[PDB]
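Undergrad: Let me give you the structure first, and then I'll get to my questions.
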Amino acid sequence: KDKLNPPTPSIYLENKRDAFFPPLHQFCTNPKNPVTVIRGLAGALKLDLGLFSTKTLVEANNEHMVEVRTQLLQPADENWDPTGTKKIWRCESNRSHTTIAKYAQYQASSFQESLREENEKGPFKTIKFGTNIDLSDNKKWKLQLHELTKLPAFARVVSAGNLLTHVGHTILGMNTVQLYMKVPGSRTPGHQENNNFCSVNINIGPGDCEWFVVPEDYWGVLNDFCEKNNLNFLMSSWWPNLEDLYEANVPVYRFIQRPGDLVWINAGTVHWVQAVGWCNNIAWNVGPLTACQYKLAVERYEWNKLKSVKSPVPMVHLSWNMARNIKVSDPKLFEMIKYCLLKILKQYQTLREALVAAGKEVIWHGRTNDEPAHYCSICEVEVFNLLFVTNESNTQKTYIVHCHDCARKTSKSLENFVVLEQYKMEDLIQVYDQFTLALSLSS
Ligand SMILES: OCCCNc1cc(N2CCc3ccccc3CC2)nc(-c2ccccn2)n1
Ligand SMILES: [Fe+2]
Ligand SMILES: [Zn+2]
């Protein structure tokens with residue numbers, strides 16, 4: 001169909017007025033738009049993209065760590081097996097480390113070498129992609145992070161309307177910025193964002209990137225291709241065959257992101273990306289306060305448990321922080337959060353009563369304010385409020401956390417464990433009771 005290659009939802013910005021215009025964030029967060037490309041964003045805001053140029057990064061922090069992914073230079077939009085006889089989904093990539101200075105040399109010499117070649121089915125060249133460069137330290141990247149505060153509020157790393165701001169602690173690469181340094185053919189394999197949170201990506205240039213996007217409600221189709229072809233959807237590297245997708249009637253959005261264009265990946269959108277030239281990119285996540293974002297984040301949280309995959313966003317901890325500190329005026333969002341909190345509260349009361357009925361002591365432990373969420377040291381599930389810690393770890397004050405299930409499996413009557421309580425039931429009951437719909441006259 002004509003419907004399988006739809007146009008890209010695109011906003012064309014000329015000036016600051018266009019950037020701060022409220023219908024912009026409404027357009028981005030609209031679930032009908034799986035991706036929005038905000039063209040001319042850097043130029044409209046007079047953002048200095050030079051602060052993220054390779055030359056400036058080397059000057060700034062030359063020994064800064066870079067995760068290198070070594071990949072094959074594949075033709076156009078295809079992915080061929082090593083031999084060059086068939087198109088396959090699987091893509092191979094080894095990981096190593098280098099520094100900004102060393103990767104910069106490679107990026108620069110790669111460009112010089114292509115100029116020289118320009119003046120002179122397999123097999124494929126090997127290229128290196130500089131990935132996951134951690135721009136979290138404000139003392140190392142002061143000017144860079146300050147430049148990003150010039151964005152409109154809805155797209156910033158930190159803002160009142162961002163769920164990831166309400167988490168109350170750092171989640172690396174989600175509420176901190178990551179940088180990517182690229183050469184032609186540097187590929188980002190197919191994926192969804194952590195816990196289906198929206199992402200913001202700005203191309204620093206000077207080259208272009210080519211994006212491929214499938215709406216969230218088709219992710220189950222791609223999951224099936226992965227299972228059929230012996231791939232883990234969440235954990236393997238794969239590059240979809242567009243003819244497979246065409247055949248299965250999956251619509252594919254496809255577009256070029258030029259320097260200074262911002263790409264908004266909406267909640268749960270499946271996407272993959274390749275550099276067309278030499279460029280850098282910066283990216284982070286944002287969680288808009290919408291029913292759709294919250295719903296998709298909870299669904300993925302629950303799906304991750306089934307797949308034994310850690311959720312980077314602690315949705316229980318987050319949901320309590322929303323109830324404590326956010327006046328929520330959307331009826332559909334409010335009812336989702338309320339329902340979730342009730343589930344948490346009931347499950348916690350059931351467990352706590354079973355412990356007390358078995359004669360197991362619950363130790364008041366409290367909590368430092370701003371203390372991060374805890375995860376089970378064995379299975380990596382989020383553990384809320386009741387923490388299971390071995391007698392020895394308790395004595396040593398290391399407080400290594402287990403979930404109830406993992407503690408039970410280790411020690412059948414919990415004889416090896418103490419149960420630590422970080423919040424009184426009465427306090428949580430009140431936060432729940434005092435969490436009510438705020439009236440708003442807007443839509
Ligand atoms: O525009 C730049 C950013 C493109 N987006 C990327 C790149 C990337 N890199 C690491 C993954 C990887 C593995 C193997 C080969 C290549 C890559 C891509 C880099 N990882 C992610 C990511 C990871 C976890 C959750 C959400 N997103 N997003
Ligand atoms: Fe990503
Ligand atoms: Zn566990």
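How things are named: the first chain in the structure tokens is A, the next is B, and so on; residues count from 1 in each chain; ligands count from 1 in the order shown.
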Counting only C-alpha atoms and all ligand atoms, name the residues that have an atom within 12 Å of an atom of ligand 3; the answer should be given as a list in words.
TA: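 Based on only C-alpha atoms and all ligand atoms, ligand 3 is surrounded within 12 Å by residues 305, 308, 309, 310, 374, 375, 376, 377, 378, 379, 380, 381, 382, 383, 384, 387, 388, 389, 400, 401, 402, 403, 404, 405, 406, 407, 408, 409 and 410 of chain A.
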Undergrad: Using only N, CA, C and O atoms, please write the residues we just selected to a file, as an mmCIF file, in the first residue's frame.
TA:
```cif
data_model
loop_
_atom_site.group_PDB
_atom_site.id
_atom_site.type_symbol
_atom_site.label_atom_id
_atom_site.label_comp_id
_atom_site.auth_asym_id
_atom_site.auth_seq_id
_atom_site.Cartn_x
_atom_site.Cartn_y
_atom_site.Cartn_z
ATOM 1 N N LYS A 305 10.046 -7.893 33.387
ATOM 2 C CA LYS A 305 10.058 -8.934 34.432
ATOM 3 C C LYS A 305 9.901 -10.298 33.792
ATOM 4 O O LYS A 305 10.700 -11.184 34.037
ATOM 5 N N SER A 308 13.045 -11.494 32.214
ATOM 6 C CA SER A 308 14.195 -11.365 33.119
ATOM 7 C C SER A 308 15.196 -10.282 32.713
ATOM 8 O O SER A 308 16.403 -10.507 32.765
ATOM 9 N N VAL A 309 14.681 -9.111 32.341
ATOM 10 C CA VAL A 309 15.493 -7.952 31.956
ATOM 11 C C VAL A 309 15.268 -6.837 32.981
ATOM 12 O O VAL A 309 14.131 -6.554 33.340
ATOM 13 N N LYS A 310 16.337 -6.196 33.438
ATOM 14 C CA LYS A 310 16.203 -5.102 34.396
ATOM 15 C C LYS A 310 15.512 -3.880 33.747
ATOM 16 O O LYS A 310 15.828 -3.523 32.617
ATOM 17 N N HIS A 374 15.714 0.623 45.008
ATOM 18 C CA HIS A 374 16.515 -0.580 45.163
ATOM 19 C C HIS A 374 16.073 -1.671 44.203
ATOM 20 O O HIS A 374 14.885 -1.803 43.915
ATOM 21 N N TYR A 375 17.029 -2.472 43.750
ATOM 22 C CA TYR A 375 16.746 -3.651 42.936
ATOM 23 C C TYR A 375 17.348 -4.928 43.555
ATOM 24 O O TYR A 375 18.410 -4.873 44.157
ATOM 25 N N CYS A 376 16.674 -6.059 43.375
ATOM 26 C CA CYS A 376 17.134 -7.361 43.909
ATOM 27 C C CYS A 376 18.521 -7.707 43.371
ATOM 28 O O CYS A 376 18.748 -7.735 42.151
ATOM 29 N N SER A 377 19.454 -7.982 44.274
ATOM 30 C CA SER A 377 20.831 -8.331 43.865
ATOM 31 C C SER A 377 20.910 -9.588 43.012
ATOM 32 O O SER A 377 21.887 -9.766 42.315
ATOM 33 N N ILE A 378 19.905 -10.451 43.068
ATOM 34 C CA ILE A 378 19.917 -11.687 42.306
ATOM 35 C C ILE A 378 19.165 -11.560 40.982
ATOM 36 O O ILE A 378 19.757 -11.762 39.936
ATOM 37 N N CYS A 379 17.872 -11.251 41.037
ATOM 38 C CA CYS A 379 17.013 -11.220 39.847
ATOM 39 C C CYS A 379 16.810 -9.825 39.221
ATOM 40 O O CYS A 379 16.173 -9.722 38.185
ATOM 41 N N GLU A 380 17.302 -8.774 39.882
ATOM 42 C CA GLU A 380 17.207 -7.386 39.416
ATOM 43 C C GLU A 380 15.799 -6.775 39.275
ATOM 44 O O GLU A 380 15.664 -5.750 38.628
ATOM 45 N N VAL A 381 14.778 -7.380 39.882
ATOM 46 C CA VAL A 381 13.472 -6.744 40.019
ATOM 47 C C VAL A 381 13.557 -5.547 40.993
ATOM 48 O O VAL A 381 14.346 -5.573 41.944
ATOM 49 N N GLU A 382 12.769 -4.494 40.757
ATOM 50 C CA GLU A 382 12.670 -3.401 41.730
ATOM 51 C C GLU A 382 12.089 -3.960 43.054
ATOM 52 O O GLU A 382 11.161 -4.757 43.047
ATOM 53 N N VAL A 383 12.675 -3.564 44.165
ATOM 54 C CA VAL A 383 12.213 -3.981 45.491
ATOM 55 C C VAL A 383 11.794 -2.710 46.211
ATOM 56 O O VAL A 383 12.635 -1.827 46.427
ATOM 57 N N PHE A 384 10.521 -2.636 46.605
ATOM 58 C CA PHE A 384 9.965 -1.435 47.238
ATOM 59 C C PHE A 384 9.612 -1.661 48.690
ATOM 60 O O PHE A 384 8.880 -2.595 49.025
ATOM 61 N N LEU A 387 12.748 -4.574 52.328
ATOM 62 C CA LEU A 387 14.032 -5.031 51.844
ATOM 63 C C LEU A 387 14.470 -6.294 52.612
ATOM 64 O O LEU A 387 14.401 -6.335 53.829
ATOM 65 N N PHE A 388 14.908 -7.318 51.884
ATOM 66 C CA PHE A 388 15.388 -8.553 52.496
ATOM 67 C C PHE A 388 16.919 -8.559 52.417
ATOM 68 O O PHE A 388 17.504 -8.599 51.341
ATOM 69 N N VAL A 389 17.556 -8.483 53.577
ATOM 70 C CA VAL A 389 19.004 -8.391 53.679
ATOM 71 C C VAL A 389 19.495 -9.529 54.581
ATOM 72 O O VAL A 389 18.895 -9.792 55.636
ATOM 73 N N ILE A 400 22.699 -5.207 51.363
ATOM 74 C CA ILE A 400 22.580 -5.746 50.012
ATOM 75 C C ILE A 400 21.172 -6.339 49.874
ATOM 76 O O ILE A 400 20.806 -7.268 50.599
ATOM 77 N N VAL A 401 20.409 -5.827 48.918
ATOM 78 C CA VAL A 401 18.965 -6.024 48.895
ATOM 79 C C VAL A 401 18.569 -7.257 48.102
ATOM 80 O O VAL A 401 19.082 -7.489 47.030
ATOM 81 N N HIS A 402 17.636 -8.025 48.639
ATOM 82 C CA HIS A 402 16.974 -9.087 47.898
ATOM 83 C C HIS A 402 15.491 -8.828 47.900
ATOM 84 O O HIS A 402 14.966 -8.275 48.858
ATOM 85 N N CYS A 403 14.815 -9.317 46.864
ATOM 86 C CA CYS A 403 13.361 -9.447 46.873
ATOM 87 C C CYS A 403 12.939 -10.617 47.770
ATOM 88 O O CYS A 403 13.772 -11.449 48.138
ATOM 89 N N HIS A 404 11.650 -10.679 48.122
ATOM 90 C CA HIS A 404 11.123 -11.728 48.976
ATOM 91 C C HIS A 404 11.337 -13.103 48.357
ATOM 92 O O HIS A 404 11.764 -14.033 49.039
ATOM 93 N N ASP A 405 11.037 -13.218 47.065
ATOM 94 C CA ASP A 405 11.107 -14.509 46.370
ATOM 95 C C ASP A 405 12.519 -15.068 46.371
ATOM 96 O O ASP A 405 12.718 -16.242 46.692
ATOM 97 N N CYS A 406 13.490 -14.222 46.039
ATOM 98 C CA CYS A 406 14.883 -14.638 46.056
ATOM 99 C C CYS A 406 15.372 -14.972 47.469
ATOM 100 O O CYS A 406 16.142 -15.922 47.649
ATOM 101 N N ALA A 407 14.901 -14.245 48.483
ATOM 102 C CA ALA A 407 15.303 -14.567 49.855
ATOM 103 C C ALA A 407 14.713 -15.914 50.294
ATOM 104 O O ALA A 407 15.423 -16.730 50.867
ATOM 105 N N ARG A 408 13.430 -16.136 50.000
ATOM 106 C CA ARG A 408 12.770 -17.420 50.258
ATOM 107 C C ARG A 408 13.449 -18.610 49.593
ATOM 108 O O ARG A 408 13.594 -19.655 50.227
ATOM 109 N N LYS A 409 13.837 -18.457 48.332
ATOM 110 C CA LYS A 409 14.557 -19.512 47.617
ATOM 111 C C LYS A 409 15.912 -19.866 48.252
ATOM 112 O O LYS A 409 16.283 -21.028 48.290
ATOM 113 N N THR A 410 16.636 -18.853 48.727
ATOM 114 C CA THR A 410 17.903 -19.022 49.447
ATOM 115 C C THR A 410 17.653 -19.689 50.810
ATOM 116 O O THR A 410 18.305 -20.671 51.143
#
```
Undergrad: Which of region 91-259 of chain A end up as strand (DSSP E or B) when DSSP is run on this backbone - answer as a PDB file with N, CA, C and O atoms, in the first residue's frame?
TA:
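That gives us out.pdb:
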```
ATOM      1  N   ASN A  94      31.199  -6.076  17.901  1.00  0.00           N
ATOM      2  CA  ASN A  94      32.072  -6.154  19.081  1.00  0.00           C
ATOM      3  C   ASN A  94      32.314  -4.800  19.747  1.00  0.00           C
ATOM      4  O   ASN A  94      32.428  -3.764  19.078  1.00  0.00           O
ATOM      5  N   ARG A  95      32.403  -4.844  21.069  1.00  0.00           N
ATOM      6  CA  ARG A  95      32.560  -3.665  21.897  1.00  0.00           C
ATOM      7  C   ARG A  95      33.953  -3.576  22.479  1.00  0.00           C
ATOM      8  O   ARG A  95      34.489  -4.565  22.954  1.00  0.00           O
ATOM      9  N   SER A  96      34.528  -2.387  22.443  1.00  0.00           N
ATOM     10  CA  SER A  96      35.786  -2.108  23.122  1.00  0.00           C
ATOM     11  C   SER A  96      35.688  -0.690  23.655  1.00  0.00           C
ATOM     12  O   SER A  96      34.636  -0.058  23.518  1.00  0.00           O
ATOM     13  N   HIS A  97      36.758  -0.194  24.271  1.00  0.00           N
ATOM     14  CA  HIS A  97      36.801   1.156  24.801  1.00  0.00           C
ATOM     15  C   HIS A  97      37.931   1.939  24.171  1.00  0.00           C
ATOM     16  O   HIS A  97      38.976   1.383  23.864  1.00  0.00           O
ATOM     17  N   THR A  98      37.731   3.238  24.017  1.00  0.00           N
ATOM     18  CA  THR A  98      38.804   4.144  23.687  1.00  0.00           C
ATOM     19  C   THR A  98      38.519   5.462  24.376  1.00  0.00           C
ATOM     20  O   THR A  98      37.681   5.504  25.273  1.00  0.00           O
ATOM     21  N   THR A  99      39.233   6.515  24.001  1.00  0.00           N
ATOM     22  CA  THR A  99      39.017   7.839  24.554  1.00  0.00           C
ATOM     23  C   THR A  99      38.527   8.767  23.455  1.00  0.00           C
ATOM     24  O   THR A  99      38.691   8.468  22.289  1.00  0.00           O
ATOM     25  N   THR A 126      35.270  -2.704   7.638  1.00  0.00           N
ATOM     26  CA  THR A 126      35.042  -2.586   9.053  1.00  0.00           C
ATOM     27  C   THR A 126      35.112  -1.097   9.404  1.00  0.00           C
ATOM     28  O   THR A 126      36.013  -0.403   8.960  1.00  0.00           O
ATOM     29  N   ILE A 127      34.148  -0.628  10.193  1.00  0.00           N
ATOM     30  CA  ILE A 127      34.135   0.737  10.707  1.00  0.00           C
ATOM     31  C   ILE A 127      33.923   0.720  12.228  1.00  0.00           C
ATOM     32  O   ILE A 127      33.494  -0.270  12.807  1.00  0.00           O
ATOM     33  N   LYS A 128      34.254   1.822  12.866  1.00  0.00           N
ATOM     34  CA  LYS A 128      34.087   1.950  14.302  1.00  0.00           C
ATOM     35  C   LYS A 128      33.118   3.103  14.583  1.00  0.00           C
ATOM     36  O   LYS A 128      33.210   4.143  13.966  1.00  0.00           O
ATOM     37  N   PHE A 129      32.212   2.882  15.526  1.00  0.00           N
ATOM     38  CA  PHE A 129      31.185   3.840  15.928  1.00  0.00           C
ATOM     39  C   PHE A 129      31.491   4.185  17.382  1.00  0.00           C
ATOM     40  O   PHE A 129      31.574   3.295  18.251  1.00  0.00           O
ATOM     41  N   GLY A 130      31.692   5.471  17.650  1.00  0.00           N
ATOM     42  CA  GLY A 130      31.929   5.937  19.006  1.00  0.00           C
ATOM     43  C   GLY A 130      30.606   6.113  19.758  1.00  0.00           C
ATOM     44  O   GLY A 130      29.861   7.054  19.472  1.00  0.00           O
ATOM     45  N   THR A 131      30.318   5.253  20.735  1.00  0.00           N
ATOM     46  CA  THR A 131      28.996   5.265  21.403  1.00  0.00           C
ATOM     47  C   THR A 131      29.008   5.576  22.896  1.00  0.00           C
ATOM     48  O   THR A 131      30.034   5.438  23.582  1.00  0.00           O
ATOM     49  N   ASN A 132      27.845   6.017  23.397  1.00  0.00           N
ATOM     50  CA  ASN A 132      27.539   6.085  24.818  1.00  0.00           C
ATOM     51  C   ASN A 132      28.516   6.905  25.646  1.00  0.00           C
ATOM     52  O   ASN A 132      28.924   6.497  26.747  1.00  0.00           O
ATOM     53  N   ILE A 133      28.859   8.073  25.124  1.00  0.00           N
ATOM     54  CA  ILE A 133      29.816   8.945  25.779  1.00  0.00           C
ATOM     55  C   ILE A 133      29.058   9.741  26.849  1.00  0.00           C
ATOM     56  O   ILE A 133      28.111  10.471  26.548  1.00  0.00           O
ATOM     57  N   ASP A 134      29.479   9.588  28.098  1.00  0.00           N
ATOM     58  CA  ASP A 134      28.696  10.019  29.247  1.00  0.00           C
ATOM     59  C   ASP A 134      28.957  11.500  29.520  1.00  0.00           C
ATOM     60  O   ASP A 134      30.009  11.866  30.052  1.00  0.00           O
ATOM     61  N   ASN A 162       8.624  16.574  33.275  1.00  0.00           N
ATOM     62  CA  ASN A 162       9.353  15.368  32.892  1.00  0.00           C
ATOM     63  C   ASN A 162       9.323  14.355  34.054  1.00  0.00           C
ATOM     64  O   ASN A 162       9.962  14.569  35.087  1.00  0.00           O
ATOM     65  N   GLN A 178      23.866  11.577  26.645  1.00  0.00           N
ATOM     66  CA  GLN A 178      24.889  10.789  25.981  1.00  0.00           C
ATOM     67  C   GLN A 178      25.196  11.322  24.607  1.00  0.00           C
ATOM     68  O   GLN A 178      24.309  11.837  23.907  1.00  0.00           O
ATOM     69  N   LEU A 179      26.469  11.200  24.241  1.00  0.00           N
ATOM     70  CA  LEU A 179      26.976  11.669  22.975  1.00  0.00           C
ATOM     71  C   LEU A 179      27.458  10.475  22.156  1.00  0.00           C
ATOM     72  O   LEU A 179      27.958   9.462  22.707  1.00  0.00           O
ATOM     73  N   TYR A 180      27.291  10.606  20.845  1.00  0.00           N
ATOM     74  CA  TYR A 180      27.658   9.588  19.868  1.00  0.00           C
ATOM     75  C   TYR A 180      28.502  10.266  18.803  1.00  0.00           C
ATOM     76  O   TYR A 180      28.153  11.370  18.334  1.00  0.00           O
ATOM     77  N   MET A 181      29.630   9.638  18.461  1.00  0.00           N
ATOM     78  CA  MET A 181      30.540  10.166  17.444  1.00  0.00           C
ATOM     79  C   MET A 181      30.565   9.144  16.338  1.00  0.00           C
ATOM     80  O   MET A 181      30.861   7.968  16.588  1.00  0.00           O
ATOM     81  N   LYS A 182      30.291   9.589  15.116  1.00  0.00           N
ATOM     82  CA  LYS A 182      29.981   8.684  14.034  1.00  0.00           C
ATOM     83  C   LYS A 182      30.821   8.879  12.796  1.00  0.00           C
ATOM     84  O   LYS A 182      31.261   9.995  12.507  1.00  0.00           O
ATOM     85  N   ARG A 187      25.855   2.342  12.675  1.00  0.00           N
ATOM     86  CA  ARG A 187      24.469   1.895  12.773  1.00  0.00           C
ATOM     87  C   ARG A 187      23.998   1.695  14.206  1.00  0.00           C
ATOM     88  O   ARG A 187      24.701   1.108  15.023  1.00  0.00           O
ATOM     89  N   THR A 188      22.797   2.198  14.469  1.00  0.00           N
ATOM     90  CA  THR A 188      22.064   1.990  15.705  1.00  0.00           C
ATOM     91  C   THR A 188      21.007   0.940  15.402  1.00  0.00           C
ATOM     92  O   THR A 188      20.066   1.214  14.641  1.00  0.00           O
ATOM     93  N   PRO A 189      21.170  -0.292  15.950  1.00  0.00           N
ATOM     94  CA  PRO A 189      20.209  -1.370  15.633  1.00  0.00           C
ATOM     95  C   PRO A 189      18.801  -1.109  16.161  1.00  0.00           C
ATOM     96  O   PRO A 189      18.589  -0.258  17.031  1.00  0.00           O
ATOM     97  N   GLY A 190      17.844  -1.847  15.642  1.00  0.00           N
ATOM     98  CA  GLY A 190      16.448  -1.709  16.033  1.00  0.00           C
ATOM     99  C   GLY A 190      16.174  -1.889  17.508  1.00  0.00           C
ATOM    100  O   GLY A 190      16.638  -2.843  18.127  1.00  0.00           O
ATOM    101  N   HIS A 191      15.438  -0.954  18.085  1.00  0.00           N
ATOM    102  CA  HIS A 191      15.109  -1.038  19.516  1.00  0.00           C
ATOM    103  C   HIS A 191      13.956  -0.106  19.877  1.00  0.00           C
ATOM    104  O   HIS A 191      13.551   0.773  19.096  1.00  0.00           O
ATOM    105  N   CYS A 198       9.925   8.432  25.876  1.00  0.00           N
ATOM    106  CA  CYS A 198      10.303   9.282  24.762  1.00  0.00           C
ATOM    107  C   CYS A 198      11.822   9.593  24.768  1.00  0.00           C
ATOM    108  O   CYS A 198      12.435   9.577  25.829  1.00  0.00           O
ATOM    109  N   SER A 199      12.407   9.815  23.582  1.00  0.00           N
ATOM    110  CA  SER A 199      13.809  10.281  23.429  1.00  0.00           C
ATOM    111  C   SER A 199      13.909  11.536  22.546  1.00  0.00           C
ATOM    112  O   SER A 199      13.107  11.759  21.632  1.00  0.00           O
ATOM    113  N   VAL A 200      14.907  12.345  22.858  1.00  0.00           N
ATOM    114  CA  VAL A 200      15.239  13.551  22.137  1.00  0.00           C
ATOM    115  C   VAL A 200      16.637  13.272  21.579  1.00  0.00           C
ATOM    116  O   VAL A 200      17.484  12.792  22.313  1.00  0.00           O
ATOM    117  N   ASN A 201      16.836  13.556  20.292  1.00  0.00           N
ATOM    118  CA  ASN A 201      18.118  13.393  19.605  1.00  0.00           C
ATOM    119  C   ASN A 201      18.389  14.631  18.760  1.00  0.00           C
ATOM    120  O   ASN A 201      17.533  15.024  17.974  1.00  0.00           O
ATOM    121  N   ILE A 202      19.553  15.251  18.941  1.00  0.00           N
ATOM    122  CA  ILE A 202      19.971  16.380  18.113  1.00  0.00           C
ATOM    123  C   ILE A 202      21.243  15.974  17.335  1.00  0.00           C
ATOM    124  O   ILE A 202      22.227  15.513  17.935  1.00  0.00           O
ATOM    125  N   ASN A 203      21.196  16.130  16.009  1.00  0.00           N
ATOM    126  CA  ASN A 203      22.347  15.926  15.147  1.00  0.00           C
ATOM    127  C   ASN A 203      23.223  17.187  15.203  1.00  0.00           C
ATOM    128  O   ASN A 203      22.772  18.308  14.867  1.00  0.00           O
ATOM    129  N   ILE A 204      24.473  16.993  15.615  1.00  0.00           N
ATOM    130  CA  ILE A 204      25.463  18.071  15.704  1.00  0.00           C
ATOM    131  C   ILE A 204      26.044  18.385  14.333  1.00  0.00           C
ATOM    132  O   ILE A 204      26.490  19.510  14.084  1.00  0.00           O
ATOM    133  N   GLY A 205      26.032  17.400  13.444  1.00  0.00           N
ATOM    134  CA  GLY A 205      26.634  17.517  12.126  1.00  0.00           C
ATOM    135  C   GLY A 205      28.145  17.303  12.162  1.00  0.00           C
ATOM    136  O   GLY A 205      28.697  16.877  13.176  1.00  0.00           O
ATOM    137  N   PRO A 206      28.837  17.609  11.053  1.00  0.00           N
ATOM    138  CA  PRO A 206      28.351  18.252   9.837  1.00  0.00           C
ATOM    139  C   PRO A 206      27.571  17.341   8.909  1.00  0.00           C
ATOM    140  O   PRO A 206      26.890  17.841   8.031  1.00  0.00           O
ATOM    141  N   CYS A 209      22.059  11.946   9.268  1.00  0.00           N
ATOM    142  CA  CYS A 209      21.671  10.593   9.725  1.00  0.00           C
ATOM    143  C   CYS A 209      20.350  10.217   9.086  1.00  0.00           C
ATOM    144  O   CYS A 209      19.496  11.092   8.840  1.00  0.00           O
ATOM    145  N   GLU A 210      20.197   8.929   8.802  1.00  0.00           N
ATOM    146  CA  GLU A 210      18.991   8.398   8.205  1.00  0.00           C
ATOM    147  C   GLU A 210      18.293   7.515   9.230  1.00  0.00           C
ATOM    148  O   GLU A 210      18.890   6.582   9.773  1.00  0.00           O
ATOM    149  N   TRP A 211      17.020   7.823   9.459  1.00  0.00           N
ATOM    150  CA  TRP A 211      16.217   7.203  10.495  1.00  0.00           C
ATOM    151  C   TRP A 211      15.144   6.323   9.883  1.00  0.00           C
ATOM    152  O   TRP A 211      14.627   6.620   8.798  1.00  0.00           O
ATOM    153  N   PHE A 212      14.854   5.235  10.594  1.00  0.00           N
ATOM    154  CA  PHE A 212      13.816   4.290  10.249  1.00  0.00           C
ATOM    155  C   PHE A 212      12.946   4.097  11.487  1.00  0.00           C
ATOM    156  O   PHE A 212      13.467   3.821  12.568  1.00  0.00           O
ATOM    157  N   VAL A 213      11.628   4.232  11.323  1.00  0.00           N
ATOM    158  CA  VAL A 213      10.693   4.283  12.444  1.00  0.00           C
ATOM    159  C   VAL A 213       9.431   3.445  12.133  1.00  0.00           C
ATOM    160  O   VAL A 213       8.856   3.546  11.050  1.00  0.00           O
ATOM    161  N   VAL A 214       9.056   2.619  13.110  1.00  0.00           N
ATOM    162  CA  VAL A 214       7.816   1.835  13.111  1.00  0.00           C
ATOM    163  C   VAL A 214       6.987   2.235  14.351  1.00  0.00           C
ATOM    164  O   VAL A 214       7.539   2.323  15.453  1.00  0.00           O
ATOM    165  N   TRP A 238      19.751  -6.249  15.832  1.00  0.00           N
ATOM    166  CA  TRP A 238      19.096  -6.585  14.581  1.00  0.00           C
ATOM    167  C   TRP A 238      18.796  -5.332  13.758  1.00  0.00           C
ATOM    168  O   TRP A 238      18.567  -4.243  14.304  1.00  0.00           O
ATOM    169  N   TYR A 253       8.351   4.609   8.563  1.00  0.00           N
ATOM    170  CA  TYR A 253       8.615   6.021   8.407  1.00  0.00           C
ATOM    171  C   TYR A 253      10.115   6.122   8.184  1.00  0.00           C
ATOM    172  O   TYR A 253      10.898   5.476   8.880  1.00  0.00           O
ATOM    173  N   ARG A 254      10.512   6.967   7.258  1.00  0.00           N
ATOM    174  CA  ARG A 254      11.907   7.062   6.884  1.00  0.00           C
ATOM    175  C   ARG A 254      12.235   8.494   6.533  1.00  0.00           C
ATOM    176  O   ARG A 254      11.479   9.120   5.788  1.00  0.00           O
ATOM    177  N   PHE A 255      13.333   9.026   7.085  1.00  0.00           N
ATOM    178  CA  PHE A 255      13.680  10.436   6.891  1.00  0.00           C
ATOM    179  C   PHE A 255      15.143  10.729   7.217  1.00  0.00           C
ATOM    180  O   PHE A 255      15.831   9.924   7.889  1.00  0.00           O
ATOM    181  N   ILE A 256      15.600  11.873   6.721  1.00  0.00           N
ATOM    182  CA  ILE A 256      16.950  12.384   6.978  1.00  0.00           C
ATOM    183  C   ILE A 256      16.935  13.445   8.069  1.00  0.00           C
ATOM    184  O   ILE A 256      16.139  14.379   8.018  1.00  0.00           O
ATOM    185  N   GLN A 257      17.834  13.311   9.034  1.00  0.00           N
ATOM    186  CA  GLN A 257      18.013  14.276  10.094  1.00  0.00           C
ATOM    187  C   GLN A 257      19.299  15.025   9.777  1.00  0.00           C
ATOM    188  O   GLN A 257      20.394  14.444   9.828  1.00  0.00           O
TER     189      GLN A 257
END
```
Undergrad: Fewer than 4 positions away in the same chain doesn't count, so skip those; otherwise give me all residues within 9 Å of region 315-331 of chain A, counting only C-alpha atoms, as a count of residues only.
TA: 38
Undergrad: I'd like to know which of A:101, A:262, A:154, A:76 is closest to residue 43 (chain A), using only C-alpha atoms.
TA: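 Closest candidate: A:262.
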Undergrad: Closest to ligand 2 among A:79, A:53, A:165, A:281, using only C-alpha atoms and all ligand atoms?
TA: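 Among the listed residues, A:281 lies closest to ligand 2.
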Undergrad: Would you kindly return, as a short mmCIF file (atom, residue, chain, number, x, y, z; two decimals) with C-alpha atoms, in the first residue's frame, each protein, DNA or RNA residue with an atom no farther than 9 Å from any atom of region 37-42 of chain A, considering only C-alpha atoms and excluding same-chain residues fewer than 2 positions away?
TA:
```cif
data_model
loop_
_atom_site.label_atom_id
_atom_site.label_comp_id
_atom_site.auth_asym_id
_atom_site.auth_seq_id
_atom_site.Cartn_x
_atom_site.Cartn_y
_atom_site.Cartn_z
CA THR A 8 7.22 12.00 8.41
CA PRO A 9 5.49 14.28 10.93
CA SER A 10 7.65 17.38 10.61
CA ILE A 11 7.70 20.86 12.15
CA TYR A 12 9.66 23.59 10.39
CA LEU A 13 11.02 26.20 12.90
CA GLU A 14 12.26 29.66 11.90
CA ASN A 15 12.58 31.51 15.23
CA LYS A 16 12.20 31.36 19.00
CA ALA A 19 10.07 27.01 19.34
CA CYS A 28 5.29 15.78 19.69
CA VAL A 35 8.18 10.41 15.53
CA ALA A 44 15.75 28.92 15.53
CA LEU A 45 17.20 28.95 19.08
CA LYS A 46 20.73 30.09 18.10
CA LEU A 47 22.06 26.93 19.83
CA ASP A 48 25.84 26.72 19.49
CA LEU A 49 26.28 23.16 18.14
CA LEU A 151 15.55 24.30 24.67
CA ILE A 202 19.97 16.38 18.11
CA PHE A 255 13.68 10.44 6.89
CA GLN A 257 18.01 14.28 10.09
CA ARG A 258 20.29 17.17 9.13
CA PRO A 259 22.56 19.12 11.50
CA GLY A 260 20.51 21.08 14.03
CA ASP A 261 17.34 18.98 13.52
CA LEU A 262 15.80 17.54 16.68
CA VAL A 263 14.20 14.07 16.45
CA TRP A 264 11.51 13.28 19.03
CA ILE A 265 10.95 9.53 19.32
#
```
